[PDB]
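Student: This is run.cif (mmCIF, C-alpha atoms and all ligand atoms).
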```cif
data_input
#
loop_
_atom_site.label_atom_id
_atom_site.label_comp_id
_atom_site.auth_asym_id
_atom_site.auth_seq_id
_atom_site.Cartn_x
_atom_site.Cartn_y
_atom_site.Cartn_z
CA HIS A 1 42.21 52.80 22.64
CA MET A 2 42.43 50.98 25.97
CA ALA A 3 46.22 50.81 25.74
CA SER A 4 46.74 54.58 25.51
CA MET A 5 44.04 55.77 27.91
CA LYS A 6 45.27 58.68 30.02
CA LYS A 7 44.42 59.70 33.55
CA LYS A 8 43.84 63.23 34.77
CA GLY A 9 46.41 64.63 37.10
CA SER A 10 45.86 65.62 40.69
CA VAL A 11 44.95 69.04 42.00
CA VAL A 12 48.17 70.62 43.30
CA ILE A 13 48.69 73.22 46.01
CA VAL A 14 50.81 75.95 44.40
CA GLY A 15 50.61 78.66 47.06
CA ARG A 16 48.49 80.22 49.77
CA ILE A 17 46.82 83.40 50.92
CA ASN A 18 48.73 84.51 54.00
CA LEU A 19 46.31 85.77 56.64
CA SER A 20 48.85 85.41 59.49
CA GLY A 21 49.18 89.08 60.27
CA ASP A 22 47.84 92.56 59.58
CA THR A 23 48.57 92.39 55.83
CA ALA A 24 47.05 89.71 53.60
CA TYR A 25 49.26 88.61 50.73
CA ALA A 26 49.56 85.75 48.29
CA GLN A 27 52.59 83.46 48.39
CA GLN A 28 53.61 81.06 45.65
CA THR A 29 55.11 77.82 46.93
CA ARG A 30 55.44 75.90 43.63
CA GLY A 31 56.14 77.00 40.06
CA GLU A 32 54.38 75.78 36.93
CA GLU A 33 56.94 73.11 36.02
CA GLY A 34 56.95 71.56 39.49
CA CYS A 35 53.17 71.84 39.51
CA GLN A 36 52.87 69.82 36.31
CA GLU A 37 55.25 67.15 37.67
CA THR A 38 53.38 66.92 40.99
CA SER A 39 50.02 66.73 39.22
CA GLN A 40 51.23 63.69 37.27
CA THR A 41 52.75 61.84 40.24
CA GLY A 42 50.30 63.05 42.86
CA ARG A 43 53.24 63.24 45.28
CA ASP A 44 53.65 66.64 46.96
CA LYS A 45 56.35 66.85 49.63
CA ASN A 46 55.91 70.61 50.20
CA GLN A 47 55.01 71.83 53.69
CA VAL A 48 51.43 73.14 53.80
CA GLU A 49 50.46 76.13 55.94
CA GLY A 50 47.41 78.31 56.45
CA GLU A 51 43.67 78.23 55.76
CA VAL A 52 43.37 79.29 52.10
CA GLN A 53 45.43 77.44 49.52
CA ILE A 54 45.98 78.37 45.90
CA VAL A 55 45.48 75.23 43.83
CA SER A 56 45.98 74.30 40.21
CA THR A 57 45.37 71.57 37.66
CA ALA A 58 46.96 71.36 34.21
CA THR A 59 44.36 73.81 32.87
CA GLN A 60 42.84 75.81 35.75
CA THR A 61 43.83 77.61 38.94
CA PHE A 62 41.54 78.51 41.81
CA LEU A 63 41.38 78.39 45.62
CA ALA A 64 40.71 75.82 48.34
CA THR A 65 39.75 76.52 51.95
CA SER A 66 40.08 74.40 55.10
CA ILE A 67 37.05 74.34 57.40
CA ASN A 68 36.60 71.75 60.15
CA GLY A 69 39.45 69.56 58.93
CA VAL A 70 38.29 69.41 55.27
CA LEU A 71 39.95 71.23 52.37
CA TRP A 72 36.96 72.48 50.35
CA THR A 73 36.75 73.77 46.77
CA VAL A 74 34.43 73.96 43.73
CA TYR A 75 33.54 71.02 41.52
CA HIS A 76 33.81 73.22 38.42
CA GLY A 77 37.51 73.60 39.22
CA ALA A 78 38.49 70.22 40.63
CA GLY A 79 35.96 67.83 39.12
CA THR A 80 36.45 64.39 40.66
CA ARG A 81 40.25 64.76 40.80
CA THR A 82 42.48 63.59 43.59
CA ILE A 83 44.75 66.05 45.39
CA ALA A 84 48.52 65.60 45.61
CA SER A 85 49.92 64.76 49.05
CA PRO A 86 53.22 63.56 50.53
CA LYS A 87 52.21 59.89 50.15
CA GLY A 88 50.46 60.16 46.79
CA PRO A 89 47.06 61.09 45.39
CA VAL A 90 44.23 61.52 47.90
CA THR A 91 40.66 60.73 46.84
CA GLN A 92 37.87 63.20 47.56
CA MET A 93 35.86 62.52 50.67
CA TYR A 94 33.02 64.82 49.57
CA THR A 95 31.72 65.41 46.03
CA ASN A 96 28.48 67.28 45.26
CA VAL A 97 27.99 68.51 41.70
CA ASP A 98 24.59 69.91 42.68
CA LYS A 99 26.28 72.34 45.10
CA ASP A 100 29.44 72.77 42.98
CA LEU A 101 31.34 71.40 45.97
CA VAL A 102 34.15 68.96 46.66
CA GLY A 103 36.35 68.30 49.67
CA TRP A 104 39.41 66.32 50.70
CA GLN A 105 40.87 65.64 54.12
CA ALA A 106 42.74 68.77 55.10
CA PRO A 107 46.50 68.46 54.51
CA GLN A 108 48.87 68.02 57.42
CA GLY A 109 50.04 71.48 58.42
CA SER A 110 46.95 73.38 57.29
CA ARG A 111 44.88 75.42 59.72
CA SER A 112 41.09 75.17 59.57
CA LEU A 113 38.60 77.99 59.80
CA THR A 114 35.74 77.59 62.29
CA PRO A 115 32.15 77.57 60.94
CA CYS A 116 30.36 80.84 61.68
CA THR A 117 27.44 80.84 64.10
CA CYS A 118 27.20 84.65 64.42
CA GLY A 119 24.31 85.11 62.02
CA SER A 120 26.00 88.30 60.77
CA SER A 121 25.42 89.68 57.26
CA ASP A 122 28.61 91.80 57.08
CA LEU A 123 30.97 89.47 55.23
CA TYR A 124 34.43 89.56 53.70
CA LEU A 125 35.50 87.69 50.56
CA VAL A 126 39.17 86.72 50.24
CA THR A 127 40.50 86.53 46.68
CA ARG A 128 43.49 84.78 45.13
CA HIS A 129 45.23 88.19 45.03
CA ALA A 130 44.72 88.50 48.82
CA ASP A 131 42.16 91.26 48.38
CA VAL A 132 39.66 91.33 51.25
CA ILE A 133 36.39 92.49 49.68
CA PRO A 134 33.43 93.56 51.86
CA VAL A 135 30.22 91.75 50.89
CA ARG A 136 26.75 92.26 52.36
CA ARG A 137 24.88 88.99 52.71
CA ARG A 138 21.66 89.12 50.67
CA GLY A 139 20.31 85.58 51.07
CA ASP A 140 21.26 82.04 51.98
CA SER A 141 23.77 81.81 49.14
CA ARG A 142 24.18 85.37 47.80
CA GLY A 143 25.97 88.58 48.76
CA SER A 144 26.45 91.98 47.14
CA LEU A 145 29.83 93.65 46.74
CA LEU A 146 30.00 96.98 48.53
CA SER A 147 32.38 98.16 45.79
CA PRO A 148 31.59 96.44 42.47
CA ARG A 149 34.47 95.70 40.14
CA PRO A 150 35.10 93.87 36.86
CA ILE A 151 34.75 90.11 36.99
CA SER A 152 38.41 89.87 35.96
CA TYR A 153 39.32 90.67 39.57
CA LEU A 154 37.34 87.70 40.92
CA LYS A 155 38.33 85.14 38.26
CA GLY A 156 40.41 82.39 39.84
CA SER A 157 39.03 82.93 43.35
CA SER A 158 36.32 80.25 43.41
CA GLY A 159 36.87 78.03 46.41
CA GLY A 160 37.89 80.99 48.56
CA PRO A 161 36.13 81.93 51.76
CA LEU A 162 33.54 84.41 52.77
CA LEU A 163 34.26 85.27 56.42
CA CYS A 164 32.30 87.05 59.14
CA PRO A 165 33.71 89.98 61.15
CA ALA A 166 35.16 87.49 63.67
CA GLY A 167 37.04 85.56 60.99
CA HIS A 168 34.72 82.55 60.88
CA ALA A 169 33.86 80.76 57.63
CA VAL A 170 30.44 81.71 56.27
CA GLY A 171 30.70 80.07 52.85
CA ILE A 172 32.74 79.03 49.82
CA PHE A 173 32.83 81.38 46.80
CA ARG A 174 31.19 79.71 43.79
CA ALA A 175 30.06 82.22 41.17
CA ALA A 176 30.03 85.91 40.28
CA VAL A 177 26.90 87.74 39.10
CA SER A 178 27.75 90.61 36.77
CA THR A 179 26.20 93.24 34.52
CA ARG A 180 28.21 94.38 31.50
CA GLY A 181 31.20 92.60 33.03
CA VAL A 182 30.99 94.28 36.45
CA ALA A 183 30.57 91.97 39.43
CA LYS A 184 27.74 93.26 41.61
CA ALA A 185 27.04 90.08 43.58
CA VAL A 186 28.54 86.71 44.43
CA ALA A 187 27.08 83.28 45.10
CA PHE A 188 28.61 80.89 47.62
CA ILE A 189 28.10 77.51 49.23
CA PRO A 190 26.90 78.31 52.77
CA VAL A 191 28.91 76.74 55.57
CA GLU A 192 25.71 75.08 56.82
CA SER A 193 25.57 73.21 53.52
CA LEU A 194 29.13 72.07 54.20
CA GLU A 195 28.23 71.11 57.78
CA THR A 196 25.28 69.08 56.46
CA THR A 197 27.39 67.23 53.91
CA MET A 198 29.84 66.32 56.70
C1 LIG A 201 30.94 71.26 35.83
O1 LIG A 201 30.13 70.97 36.94
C2 LIG A 201 29.57 72.09 37.55
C3 LIG A 201 28.64 71.90 38.74
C4 LIG A 201 28.02 73.10 39.42
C5 LIG A 201 28.35 74.50 38.87
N1 LIG A 201 27.75 75.64 39.55
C6 LIG A 201 28.04 76.96 39.04
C7 LIG A 201 27.43 78.18 39.72
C8 LIG A 201 28.98 77.13 37.85
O2 LIG A 201 29.24 78.43 37.42
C9 LIG A 201 30.23 78.54 36.36
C10 LIG A 201 31.71 78.59 37.07
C11 LIG A 201 31.60 79.59 37.81
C12 LIG A 201 32.82 80.61 37.98
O3 LIG A 201 33.35 81.22 37.09
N2 LIG A 201 33.28 80.79 39.33
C13 LIG A 201 34.25 81.82 39.65
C14 LIG A 201 35.71 81.54 39.43
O4 LIG A 201 36.60 82.24 39.81
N3 LIG A 201 35.98 80.32 38.72
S1 LIG A 201 37.59 79.97 38.48
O5 LIG A 201 38.16 81.03 37.63
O6 LIG A 201 38.37 79.90 39.71
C15 LIG A 201 37.59 78.46 37.48
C16 LIG A 201 36.81 78.43 36.14
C17 LIG A 201 37.72 77.17 38.28
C18 LIG A 201 38.93 77.72 37.50
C19 LIG A 201 34.11 82.80 40.83
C20 LIG A 201 33.98 83.33 39.41
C21 LIG A 201 34.83 84.53 38.96
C22 LIG A 201 34.51 85.24 37.86
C23 LIG A 201 33.29 84.94 36.99
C24 LIG A 201 33.73 84.84 35.51
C25 LIG A 201 32.51 84.77 34.57
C26 LIG A 201 31.63 83.52 34.89
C27 LIG A 201 30.38 84.00 35.67
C28 LIG A 201 29.57 82.81 36.23
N4 LIG A 201 28.43 83.38 36.86
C29 LIG A 201 27.29 82.59 37.24
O7 LIG A 201 27.18 81.44 36.92
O8 LIG A 201 26.33 83.31 37.97
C30 LIG A 201 25.18 82.57 38.35
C31 LIG A 201 23.95 82.61 37.41
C32 LIG A 201 24.91 82.43 39.86
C33 LIG A 201 25.44 81.24 39.07
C34 LIG A 201 30.43 82.04 37.20
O9 LIG A 201 30.92 82.58 38.15
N5 LIG A 201 30.65 80.59 36.97
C35 LIG A 201 30.10 79.71 35.82
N6 LIG A 201 29.59 76.01 37.17
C36 LIG A 201 29.27 74.69 37.69
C37 LIG A 201 29.90 73.49 37.00
ZN ZN A 202 30.94 84.44 62.81
#
```
In structure tokens, how does this file's structure come out?
Ligand SMILES: COc1ccc2nc(C)c(O[C@@H]3C[C@H]4C(=O)N[C@]5(C(=O)NS(=O)(=O)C6(C)CC6)C[C@H]5/C=C\CCCCC[C@H](NC(=O)OC5(C)CC5)C(=O)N4C3)nc2c1
Ligand SMILES: [Zn+2]

Tutor:
Amino acid sequence: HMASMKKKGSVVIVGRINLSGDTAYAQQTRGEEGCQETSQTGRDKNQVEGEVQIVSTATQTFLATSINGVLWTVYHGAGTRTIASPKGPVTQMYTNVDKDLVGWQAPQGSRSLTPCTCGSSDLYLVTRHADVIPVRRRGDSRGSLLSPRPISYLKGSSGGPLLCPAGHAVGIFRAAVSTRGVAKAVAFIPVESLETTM
């Protein structure tokens, strides 16, 4: 009934992939209880750092990546949800179900990756476990893993970046192509598709 209608909570930043130094590692910045509370209020007073955030809703967890001042992620994770911020929920500034893409203004304190213009096909996928996985680009939106592995290892990493050797953003991880549960290839939203939507 109209009286009891609920609203979906915000996407919440719950951690980050630290790429500051020589060793990549995940950091949690908010636990599940505080995540649920922040999703309901949409008010997140935590300091944000870095390029790759770990994000969560009430039911899903995935990644979000800042490129050119926009925090980008997948529509299949975030839907049309707002993101929590220090002054309340923030509405998406980009939404494209056809590309499986959404974006919000990048949070204060984040660092943005630069869009790649190298034209290189030797890529690196960053997962939610801070694994850096070499990927050979195979098309506009596809790459093959140099070392295949079960899809379990990639689950929860949509919204993460594919980077070039120079650390530029080449695309946003969207889907994993597997055979008998082994991921052989990935699909991603190319950064040019991001740059066009901007
Ligand atoms: C609803 O509106 C939509 C609009 C556009 C759209 N466009 C898609 C391509 C899309 O594809 C969905 C979600 C993707 C996923 O699972 N994305 C990862 C991930 O990690 N998600 S996640 O866990 O973070 C999670 C669920 C958010 C919390 C990166 C995958 C890691 C493991 C694969 C597991 C088996 C799943 C393997 C599967 N292959 C696959 O479709 O291959 C093809 C044929 C090349 C496509 C896959 O990858 N997807 C299935 N859905 C939408 C939904
Ligand atoms: Zn580059």

Student: For segment 29-31 of chain A, work out the shell of residues within 8 Å, counting only C-alpha atoms and skipping chain neighbours fewer than 3 positions away, then give it as an NGL selection string.

Tutor: :A and (13-16 or 34-35 or 46)

Student: Select the residues contacting ligand LIG 201 (chain A) at a distance of at most 10 Å, based on only C-alpha atoms and all ligand atoms, then format the selection as JSON, numbers by chain.

Tutor: {"A": [54, 55, 56, 57, 59, 60, 61, 62, 63, 64, 73, 74, 75, 76, 77, 78, 79, 80, 96, 97, 98, 99, 100, 101, 127, 128, 141, 142, 150, 151, 152, 153, 154, 155, 156, 157, 158, 159, 160, 172, 173, 174, 175, 176, 177, 178, 181, 182, 183, 185, 186, 187, 188, 189]}

Student: List as JSON lines every residue of chain A that is in contact with ligand ZN 202 (chain A), defined as an atom at most 9 Å from one of its atoms (using all atoms listed in the file), together with the nearest atom pair and the distance in Å rounded to one decimal, sorted by chain and then rising number.

Tutor:
```
{"residue": "A:114", "atom": "CA", "partner": "A:ZN202", "partner_atom": "ZN", "distance": 8.4}
{"residue": "A:115", "atom": "CA", "partner": "A:ZN202", "partner_atom": "ZN", "distance": 7.2}
{"residue": "A:116", "atom": "CA", "partner": "A:ZN202", "partner_atom": "ZN", "distance": 3.8}
{"residue": "A:117", "atom": "CA", "partner": "A:ZN202", "partner_atom": "ZN", "distance": 5.2}
{"residue": "A:118", "atom": "CA", "partner": "A:ZN202", "partner_atom": "ZN", "distance": 4.1}
{"residue": "A:119", "atom": "CA", "partner": "A:ZN202", "partner_atom": "ZN", "distance": 6.7}
{"residue": "A:120", "atom": "CA", "partner": "A:ZN202", "partner_atom": "ZN", "distance": 6.6}
{"residue": "A:163", "atom": "CA", "partner": "A:ZN202", "partner_atom": "ZN", "distance": 7.2}
{"residue": "A:164", "atom": "CA", "partner": "A:ZN202", "partner_atom": "ZN", "distance": 4.7}
{"residue": "A:165", "atom": "CA", "partner": "A:ZN202", "partner_atom": "ZN", "distance": 6.4}
{"residue": "A:166", "atom": "CA", "partner": "A:ZN202", "partner_atom": "ZN", "distance": 5.3}
{"residue": "A:167", "atom": "CA", "partner": "A:ZN202", "partner_atom": "ZN", "distance": 6.5}
{"residue": "A:168", "atom": "CA", "partner": "A:ZN202", "partner_atom": "ZN", "distance": 4.6}
{"residue": "A:169", "atom": "CA", "partner": "A:ZN202", "partner_atom": "ZN", "distance": 7.0}
{"residue": "A:170", "atom": "CA", "partner": "A:ZN202", "partner_atom": "ZN", "distance": 7.1}
```

Student: Which residue is closest to residue 108 of chain A? Choose from A:49, A:44, A:32, A:22 and count only C-alpha atoms.

Tutor: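 For residue 108 of chain A, the nearest of the given residues is A:49.
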
Student: Which of these residues is nearest to residue 39 of chain A, using all atoms listed in the file: A:52, A:5, A:69, A:85?

Tutor: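 The closest residue to residue 39 of chain A is A:85.
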
Student: For each of A:68, A:20, A:8, A:84, take the minimum atom-to-atom distance to residue 45 of chain A, counting only C-alpha atoms, then give the residue where this is smallest.

Tutor: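 Counting only C-alpha atoms, the residue closest to residue 45 of chain A is A:84.
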
Student: Take every atom of segment 144-147 of chain A listed in the file, pad by 5 Å on each side, and give me the axis-aligned box centre and edge lengths in Å, one decimal, as JSON.

Tutor:
```
{"center_x": 29.4, "center_y": 95.1, "center_z": 47.2, "size_x": 15.9, "size_y": 16.2, "size_z": 12.7}
```

Student: Using only C-alpha atoms, which protein or nucleic acid residues come within 8 Å of residue 137 of chain A? Drop anything in the same chain fewer than 4 positions from it, and give the result as a short mmCIF file (atom, residue, chain, number, x, y, z; two decimals) with C-alpha atoms, keeping the file's coordinate frame.

Tutor:
```cif
data_model
loop_
_atom_site.label_atom_id
_atom_site.label_comp_id
_atom_site.auth_asym_id
_atom_site.auth_seq_id
_atom_site.Cartn_x
_atom_site.Cartn_y
_atom_site.Cartn_z
CA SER A 121 25.42 89.68 57.26
CA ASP A 122 28.61 91.80 57.08
CA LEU A 123 30.97 89.47 55.23
CA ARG A 142 24.18 85.37 47.80
CA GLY A 143 25.97 88.58 48.76
CA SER A 144 26.45 91.98 47.14
#
```

Student: Skip residue 145 of chain A itself and residues of its chain fewer than 2 positions away, then list as a VMD selection string all residues within 7 Å of it, counting only C-alpha atoms.

Tutor: chain A and resid 134 to 136 143 147 to 148 184 to 185

Student: For each of A:111, A:43, A:129, A:124, take the minimum atom-to-atom distance to residue 28 of chain A, counting only C-alpha atoms, then give the residue where this is smallest.

Tutor: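 Nearest to residue 28 of chain A: A:129.
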
Student: Expressed in Å to a single decimal, how great is the separation between atom CA of residue 41 of chain A and atom CA of residue 197 of chain A?

Tutor: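 Distance reported for this atom pair: 29.3 Å.
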
Student: Measure the distance from atom CA of residue 133 of chain A to atom CA of residue 146 of chain A in Å and round it to one decimal.

Tutor: 7.9 Å

Student: What is the distance, in Å and to one decimal place, between atom CA of residue 42 of chain A and atom CA of residue 3 of chain A?

Tutor: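 Distance reported for this atom pair: 21.4 Å.
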